[PDB]
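Note: the block below is query-v8.csv and it holds CSV, C-alpha atoms.
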```csv
chain,number,residue,atom,x,y,z
R,1,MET,CA,-16.1,-27.1,-62.8
R,2,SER,CA,-13.9,-25.1,-60.4
R,3,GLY,CA,-10.3,-24.4,-62.0
R,4,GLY,CA,-8.9,-26.5,-59.1
R,5,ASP,CA,-10.9,-29.7,-60.1
R,6,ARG,CA,-9.5,-29.4,-63.7
R,7,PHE,CA,-5.9,-29.2,-62.5
R,8,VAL,CA,-6.3,-32.3,-60.2
R,9,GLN,CA,-7.8,-34.2,-63.1
R,10,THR,CA,-4.9,-33.3,-65.3
R,11,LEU,CA,-2.5,-34.4,-62.7
R,12,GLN,CA,-4.3,-37.8,-62.5
R,13,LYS,CA,-3.9,-38.2,-66.2
R,14,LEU,CA,-0.2,-37.4,-66.0
R,15,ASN,CA,0.0,-40.4,-63.4
R,16,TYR,CA,1.2,-38.1,-60.5
R,17,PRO,CA,1.6,-40.9,-57.6
R,18,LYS,CA,-0.4,-38.7,-54.9
R,19,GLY,CA,-3.1,-37.6,-57.3
R,20,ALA,CA,-5.9,-39.9,-55.9
R,21,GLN,CA,-5.6,-38.1,-52.5
R,22,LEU,CA,-5.9,-34.5,-53.8
R,23,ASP,CA,-9.2,-32.6,-53.4
R,24,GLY,CA,-9.7,-30.0,-56.2
R,25,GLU,CA,-11.2,-27.4,-53.9
R,26,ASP,CA,-7.8,-27.1,-52.2
R,27,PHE,CA,-6.3,-25.6,-55.4
R,28,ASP,CA,-9.1,-23.2,-56.5
R,29,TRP,CA,-7.0,-20.4,-55.0
R,30,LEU,CA,-4.3,-20.9,-57.8
R,31,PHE,CA,-6.8,-19.8,-60.4
R,32,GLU,CA,-8.0,-16.7,-58.5
R,33,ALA,CA,-4.6,-15.0,-59.3
R,34,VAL,CA,-5.6,-13.2,-62.5
R,35,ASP,CA,-2.0,-13.2,-63.7
R,36,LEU,CA,-1.3,-17.0,-63.4
R,37,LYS,CA,-4.7,-18.1,-64.7
R,38,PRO,CA,-3.6,-18.1,-68.3
R,39,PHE,CA,-0.6,-20.3,-67.6
R,40,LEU,CA,-2.4,-22.9,-65.5
R,41,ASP,CA,-5.2,-23.0,-68.2
R,42,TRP,CA,-2.5,-23.6,-70.7
R,43,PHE,CA,-0.8,-26.3,-68.7
R,44,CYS,CA,-4.2,-28.1,-68.1
R,45,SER,CA,-4.7,-28.2,-71.9
R,46,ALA,CA,-1.2,-28.9,-73.1
R,47,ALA,CA,-0.1,-31.7,-70.9
R,48,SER,CA,-1.7,-35.3,-71.8
R,49,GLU,CA,-0.7,-38.9,-71.1
R,50,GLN,CA,1.6,-39.1,-74.3
R,51,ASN,CA,3.8,-36.6,-72.7
R,52,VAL,CA,4.6,-38.7,-69.7
R,53,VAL,CA,8.0,-40.6,-69.7
R,54,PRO,CA,8.2,-43.1,-66.8
R,55,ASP,CA,11.1,-42.9,-64.5
R,56,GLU,CA,12.4,-46.2,-65.8
R,57,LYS,CA,12.5,-45.1,-69.5
R,58,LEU,CA,14.2,-41.8,-68.5
R,59,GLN,CA,16.8,-43.8,-66.5
R,60,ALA,CA,17.3,-46.2,-69.4
R,61,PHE,CA,17.7,-43.3,-71.9
R,62,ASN,CA,20.2,-41.6,-69.5
R,63,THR,CA,22.1,-44.8,-69.3
R,64,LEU,CA,22.1,-45.0,-73.1
R,65,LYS,CA,23.5,-41.4,-73.3
R,66,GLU,CA,26.1,-42.4,-70.7
R,67,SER,CA,27.0,-45.5,-72.7
R,68,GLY,CA,28.6,-43.2,-75.3
R,69,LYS,CA,26.1,-44.6,-78.0
R,70,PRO,CA,25.0,-41.9,-80.4
R,71,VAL,CA,21.4,-40.9,-79.7
R,72,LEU,CA,19.5,-41.1,-83.2
R,73,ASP,CA,17.6,-37.9,-84.1
R,74,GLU,CA,14.0,-38.1,-85.0
R,75,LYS,CA,14.8,-38.2,-88.8
R,76,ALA,CA,17.2,-41.1,-88.4
R,77,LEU,CA,14.8,-43.0,-86.1
R,78,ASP,CA,12.0,-42.5,-88.7
R,79,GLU,CA,14.3,-44.0,-91.3
R,80,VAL,CA,15.3,-47.0,-89.3
R,81,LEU,CA,12.0,-47.7,-87.7
R,82,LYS,CA,10.4,-47.8,-91.2
R,83,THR,CA,12.5,-50.7,-91.8
R,84,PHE,CA,10.9,-52.2,-88.7
R,85,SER,CA,7.9,-54.4,-89.6
R,86,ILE,CA,5.5,-54.2,-86.5
R,87,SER,CA,5.1,-57.8,-87.0
R,88,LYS,CA,6.6,-59.7,-84.0
R,89,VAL,CA,9.2,-60.9,-86.3
R,90,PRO,CA,10.4,-63.0,-83.4
R,91,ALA,CA,13.7,-61.7,-82.6
R,92,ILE,CA,15.6,-63.8,-84.9
R,93,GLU,CA,16.6,-65.9,-82.1
R,94,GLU,CA,20.1,-65.9,-83.7
R,95,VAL,CA,19.9,-69.4,-84.8
R,96,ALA,CA,20.9,-70.6,-81.3
R,97,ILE,CA,23.5,-73.5,-81.8
R,98,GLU,CA,20.2,-75.1,-80.7
R,99,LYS,CA,18.5,-74.1,-83.8
R,100,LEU,CA,21.3,-75.2,-86.0
B,1,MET,CA,16.6,-19.4,-52.7
B,2,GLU,CA,15.2,-22.8,-53.7
B,3,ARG,CA,11.9,-21.4,-54.9
B,4,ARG,CA,13.5,-18.9,-57.2
B,5,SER,CA,15.7,-21.7,-58.8
B,6,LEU,CA,12.6,-24.0,-59.4
B,7,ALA,CA,10.7,-21.1,-60.8
B,8,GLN,CA,13.5,-20.7,-63.5
B,9,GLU,CA,13.5,-24.5,-64.2
B,10,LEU,CA,9.7,-24.4,-64.7
B,11,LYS,CA,10.0,-21.4,-67.0
B,12,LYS,CA,12.7,-23.2,-69.0
B,13,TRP,CA,10.6,-26.4,-69.1
B,14,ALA,CA,7.5,-24.4,-70.2
B,15,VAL,CA,9.4,-22.4,-72.9
B,16,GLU,CA,12.1,-24.9,-74.1
B,17,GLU,CA,10.7,-28.3,-73.6
B,18,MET,CA,6.7,-27.8,-74.0
B,19,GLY,CA,7.1,-24.9,-76.5
B,20,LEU,CA,5.2,-22.0,-74.5
B,21,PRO,CA,5.8,-18.7,-76.4
B,22,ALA,CA,8.2,-16.6,-74.2
B,23,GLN,CA,5.7,-13.7,-74.4
B,24,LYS,CA,3.0,-15.5,-72.6
B,25,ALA,CA,5.3,-16.9,-69.9
B,26,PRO,CA,4.6,-15.4,-66.5
B,27,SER,CA,7.3,-13.4,-64.7
B,28,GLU,CA,9.6,-15.5,-62.5
B,29,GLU,CA,8.2,-13.6,-59.6
B,30,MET,CA,4.7,-14.7,-60.4
B,31,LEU,CA,5.8,-18.5,-60.9
B,32,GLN,CA,7.3,-18.6,-57.4
B,33,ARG,CA,3.7,-18.6,-56.1
B,34,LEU,CA,3.2,-22.0,-57.6
B,35,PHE,CA,5.8,-23.5,-55.2
B,36,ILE,CA,3.9,-22.6,-52.2
B,37,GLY,CA,3.0,-25.7,-49.9
B,38,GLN,CA,2.2,-29.0,-51.5
B,39,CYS,CA,2.2,-27.5,-55.1
B,40,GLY,CA,6.0,-27.4,-55.0
B,41,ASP,CA,6.3,-31.3,-55.1
B,42,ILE,CA,3.7,-31.4,-57.9
B,43,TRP,CA,5.5,-29.0,-60.2
B,44,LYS,CA,8.9,-30.7,-59.5
B,45,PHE,CA,7.3,-33.9,-60.8
B,46,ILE,CA,6.0,-32.1,-63.8
B,47,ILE,CA,9.3,-30.7,-64.7
B,48,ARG,CA,11.0,-34.1,-64.5
B,49,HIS,CA,8.5,-36.6,-66.0
B,50,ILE,CA,6.6,-34.5,-68.4
B,51,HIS,CA,8.3,-33.9,-71.8
B,52,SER,CA,7.3,-32.7,-75.3
```

Can you dump the structure from the file as structure tokens?
Amino acid sequence: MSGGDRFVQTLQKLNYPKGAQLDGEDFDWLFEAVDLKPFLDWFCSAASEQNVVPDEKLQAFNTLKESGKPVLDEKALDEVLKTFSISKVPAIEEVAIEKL
Amino acid sequence: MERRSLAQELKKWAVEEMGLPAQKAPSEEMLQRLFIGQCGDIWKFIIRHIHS
């Protein structure tokens, strides 16, 4: 597998919008540079689908930051999320006057 | 001037955000080569959408 084909596959995994049109052979030259090769190899190993934040979530998070609400650190999130039963506890539809 | 700046952002992204040991990080001069042609748009994407 030519270094270039690996790179293009990684990009597809990372949901790059123009990734389907890219031919691997066009990037084989990037791996010929003895000095950059270690970095590119690293990148193609280190970057997976779990690392990808869609533009929507990033915008939403920036909005959250801008909203002046404190961004909970990982420890705090862990504490609070524990308290979260996966189970679809239907959003307590606040007993909509309708429910009452 | 634009290539040099992106090369710095990529370095920062690689070292600060993805945790690449500073010792293994290619020289800014060397990273500038990655922003040649169509590769430039790709790495811009990577810097923006790919996080730890």

| task | Could you please select, counting only C-alpha atoms, the residues of chain R within 8 Å of chain B and state them as a VMD selection string? | result | chain R and resid 14 16 30 35 to 36 39 47 51 to 55

Write a file of the selected residues as an mmCIF file, in the coordinates of the input, keeping C-alpha atoms.
```
data_model
loop_
_atom_site.group_PDB
_atom_site.id
_atom_site.type_symbol
_atom_site.label_atom_id
_atom_site.label_comp_id
_atom_site.auth_asym_id
_atom_site.auth_seq_id
_atom_site.Cartn_x
_atom_site.Cartn_y
_atom_site.Cartn_z
ATOM 1 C CA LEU R 14 -0.200 -37.400 -66.000
ATOM 2 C CA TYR R 16 1.200 -38.100 -60.500
ATOM 3 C CA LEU R 30 -4.300 -20.900 -57.800
ATOM 4 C CA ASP R 35 -2.000 -13.200 -63.700
ATOM 5 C CA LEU R 36 -1.300 -17.000 -63.400
ATOM 6 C CA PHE R 39 -0.600 -20.300 -67.600
ATOM 7 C CA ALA R 47 -0.100 -31.700 -70.900
ATOM 8 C CA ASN R 51 3.800 -36.600 -72.700
ATOM 9 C CA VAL R 52 4.600 -38.700 -69.700
ATOM 10 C CA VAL R 53 8.000 -40.600 -69.700
ATOM 11 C CA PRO R 54 8.200 -43.100 -66.800
ATOM 12 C CA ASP R 55 11.100 -42.900 -64.500
#
```

Centre and edges of the stretch 34-42 of chain R box, axis-aligned, 8 Å extra per side, as JSON:
```
{"center_x": -3.1, "center_y": -18.4, "center_z": -66.6, "size_x": 21.0, "size_y": 26.4, "size_z": 24.2}
```

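We find atom CA of residue B:7 and atom CA of residue R:61 to be spaced 25.8 Å apart.
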
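Rounded to one decimal, atom CA of residue R:5 and atom CA of residue R:25 lie 6.6 Å from each other.
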
| Exercise: residue B:3 partners within 10 Å, all atoms listed in the file, chain neighbours under 5 positions left out, as a PyMOL selection string | chain B and resi 8-9+28-29+31-36+40

| query | What does the distance between atom CA of residue B:37 and atom CA of residue R:22 come to in Å, to one decimal place? | reply |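 It comes out at 13.1 Å.
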
| Closest of R:64, R:71, R:100, R:44 to residue R:31 - atom-to-atom distances counting only C-alpha atoms | R:44

| said: Counting only C-alpha atoms, which residue out of R:59, R:66, R:18, R:7 sits closest to residue R:37? | reply: R:7

Complete the atom set of stretch 65-95 of chain R to N, CA and C atoms and return it as a tab-separated table (two decimals), in the frame of the given file.
```
chain	number	residue	atom	x	y	z
R	65	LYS	N	22.68	-42.59	-73.02
R	65	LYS	CA	23.50	-41.40	-73.30
R	65	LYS	C	24.88	-41.51	-72.71
R	66	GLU	N	24.85	-42.20	-71.43
R	66	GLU	CA	26.10	-42.40	-70.70
R	66	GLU	C	26.98	-43.44	-71.38
R	67	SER	N	26.29	-44.42	-72.01
R	67	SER	CA	27.00	-45.50	-72.70
R	67	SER	C	27.79	-45.04	-73.86
R	68	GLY	N	27.81	-43.79	-74.23
R	68	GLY	CA	28.60	-43.20	-75.30
R	68	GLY	C	27.96	-43.51	-76.69
R	69	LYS	N	26.79	-44.25	-76.76
R	69	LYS	CA	26.10	-44.60	-78.00
R	69	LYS	C	25.40	-43.34	-78.58
R	70	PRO	N	25.60	-43.13	-79.82
R	70	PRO	CA	25.00	-41.90	-80.40
R	70	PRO	C	23.44	-41.99	-80.31
R	71	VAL	N	22.80	-41.05	-79.72
R	71	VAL	CA	21.40	-40.90	-79.70
R	71	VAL	C	20.84	-40.46	-81.05
R	72	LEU	N	20.06	-41.36	-81.84
R	72	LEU	CA	19.50	-41.10	-83.20
R	72	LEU	C	18.49	-40.00	-83.16
R	73	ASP	N	18.60	-39.00	-83.98
R	73	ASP	CA	17.60	-37.90	-84.10
R	73	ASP	C	16.31	-38.43	-84.65
R	74	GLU	N	15.35	-37.77	-84.56
R	74	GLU	CA	14.00	-38.10	-85.00
R	74	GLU	C	14.00	-38.62	-86.44
R	75	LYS	N	14.77	-37.88	-87.36
R	75	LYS	CA	14.80	-38.20	-88.80
R	75	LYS	C	15.43	-39.62	-88.97
R	76	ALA	N	16.56	-39.78	-88.29
R	76	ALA	CA	17.20	-41.10	-88.40
R	76	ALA	C	16.36	-42.19	-87.81
R	77	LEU	N	15.71	-41.97	-86.69
R	77	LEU	CA	14.80	-43.00	-86.10
R	77	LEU	C	13.70	-43.35	-87.02
R	78	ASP	N	13.12	-42.29	-87.69
R	78	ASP	CA	12.00	-42.50	-88.70
R	78	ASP	C	12.51	-43.47	-89.77
R	79	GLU	N	13.72	-43.25	-90.24
R	79	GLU	CA	14.30	-44.00	-91.30
R	79	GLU	C	14.48	-45.49	-90.93
R	80	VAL	N	14.95	-45.62	-89.71
R	80	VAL	CA	15.30	-47.00	-89.30
R	80	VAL	C	14.08	-47.72	-88.82
R	81	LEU	N	13.20	-47.04	-88.23
R	81	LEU	CA	12.00	-47.70	-87.70
R	81	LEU	C	11.09	-48.16	-88.80
R	82	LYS	N	11.21	-47.44	-90.02
R	82	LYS	CA	10.40	-47.80	-91.20
R	82	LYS	C	10.80	-49.26	-91.63
R	83	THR	N	11.99	-49.42	-91.35
R	83	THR	CA	12.50	-50.70	-91.80
R	83	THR	C	12.06	-51.81	-90.80
R	84	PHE	N	11.31	-51.33	-89.70
R	84	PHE	CA	10.90	-52.20	-88.70
R	84	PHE	C	9.49	-52.80	-88.97
R	85	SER	N	9.21	-53.90	-89.51
R	85	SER	CA	7.90	-54.40	-89.60
R	85	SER	C	7.27	-54.62	-88.17
R	86	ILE	N	6.18	-53.92	-87.79
R	86	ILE	CA	5.50	-54.20	-86.50
R	86	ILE	C	5.54	-55.73	-86.28
R	87	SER	N	5.40	-56.46	-87.40
R	87	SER	CA	5.10	-57.80	-87.00
R	87	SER	C	6.26	-58.43	-86.19
R	88	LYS	N	5.86	-58.89	-85.02
R	88	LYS	CA	6.60	-59.70	-84.00
R	88	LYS	C	7.72	-60.47	-84.68
R	89	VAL	N	8.19	-59.93	-85.83
R	89	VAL	CA	9.20	-60.90	-86.30
R	89	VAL	C	9.99	-61.42	-85.10
R	90	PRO	N	9.57	-62.51	-84.54
R	90	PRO	CA	10.40	-63.00	-83.40
R	90	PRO	C	11.85	-62.62	-83.55
R	91	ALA	N	12.29	-61.83	-82.62
R	91	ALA	CA	13.70	-61.70	-82.60
R	91	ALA	C	14.44	-62.90	-83.20
R	92	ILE	N	14.73	-62.69	-84.39
R	92	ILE	CA	15.60	-63.80	-84.90
R	92	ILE	C	16.34	-64.42	-83.77
R	93	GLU	N	15.72	-65.10	-82.93
R	93	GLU	CA	16.60	-65.90	-82.10
R	93	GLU	C	17.84	-66.34	-82.91
R	94	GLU	N	18.84	-65.44	-83.07
R	94	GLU	CA	20.10	-65.90	-83.70
R	94	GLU	C	20.13	-67.46	-83.63
R	95	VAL	N	20.01	-68.00	-84.74
R	95	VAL	CA	19.90	-69.40	-84.80
R	95	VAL	C	20.74	-70.08	-83.69
```
